[PDB]
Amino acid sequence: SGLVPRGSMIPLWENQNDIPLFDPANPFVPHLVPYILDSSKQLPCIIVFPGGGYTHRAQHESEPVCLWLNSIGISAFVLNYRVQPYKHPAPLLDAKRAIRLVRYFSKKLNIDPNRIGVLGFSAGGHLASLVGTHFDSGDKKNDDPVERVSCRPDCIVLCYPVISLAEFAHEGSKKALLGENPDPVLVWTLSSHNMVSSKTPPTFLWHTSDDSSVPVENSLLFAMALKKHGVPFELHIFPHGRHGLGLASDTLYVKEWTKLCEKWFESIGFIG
């Protein structure tokens, strides 16, 4: 229709001087790309975190995912978070800011502030799992009204996620995010299965069992932690598929994850 924002750049911080840990020598400004649905009712929203090992952001995990989300009634955004040479905690700060921003502007964007979830692939799934475990309900006395808003997502979708930084770690992502001799404390707190709590939102995971880049153990570990803390979850592991299949539209049996995810969204009241 053209009446709603699609394809624009929404900076996470209005003023570049407010970007935490910003390197002005680096031209990249972290931002959201909207793919809003036009509708007369409030819509649920998913922010998509593309993968790319914390060195880039994969495009096949970006706009086409939002087209699928749109097709099932979900307004969507792509989060273009900071990557190498930025390090932790810059990407996580960008992810938390993105959720606060969308929730703050939810009335303007025609989005239900209580149906804002995140969906991440690979290192983007790591980032999604972090904002799904490291969240807070906002700084109510902050001078920035956006900072007063909760950064907790209302649901999490994890697609062949990087989860553990140590055992079964994707070493490329770990090195890009933390450097070569990382603090063991950060290795532990950024292994996101360690940080699941009873307040972690409902989660959907999928993975291929023979993934040779990001071991399927990463999804199994996060699932064990969700159960340990009483969080209901959905998990689908298919036997075969290379890492990074995205929506997997051309992959027999693996392309059945988006239909299962659509039905899970319905099951948790996110759509329908």
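Start at 1 and count along the sequence shown; that's the residue number.
- Message: Using only C-alpha atoms and the B-factors in the entry, which stretch averages higher, 137-145 or 91-99?
- Response: Mean C-alpha B-factor is greater for 137-145.
- Mean C-alpha B-factor higher for 26-34, or for 63-71? It is 26-34 that shows the higher mean C-alpha B-factor.
- Message: By the CA temperature factor listed in this entry, which of these ranks top: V196, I163, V157, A176?
- Response: So the option with the highest C-alpha B-factor is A176.
- Message: Ranking the modelled residues of this chain by C-alpha B-factor as given in the entry, is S150 in the lowest, middle or highest third?
- Response: Middle third of the chain for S150's C-alpha B-factor.
- Taking the values exactly as deposited, rank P201 by C-alpha B-factor within its chain and report the matching third: lowest, middle or highest. For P201, the deposited C-alpha B-factor lands in the middle third.
- Message: When the deposited Cα B-factors of this chain's modelled residues are ordered and cut into thirds, is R115 in the lowest, the middle or the highest one?
- Response: Within its chain, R115 is a middle-third residue by C-alpha B-factor, going by the deposited values.
- Divide the modelled residues of the chain into thirds by Cα B-factor and specify which third, lowest, middle or highest, holds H240. Middle third, going by the recorded CA B-factors of the chain.
- Query: Within this chain, which third does the Cα B-factor at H229 fall in: lowest, middle or highest?
  - Reply: Middle third, going by the recorded CA B-factors of the chain.
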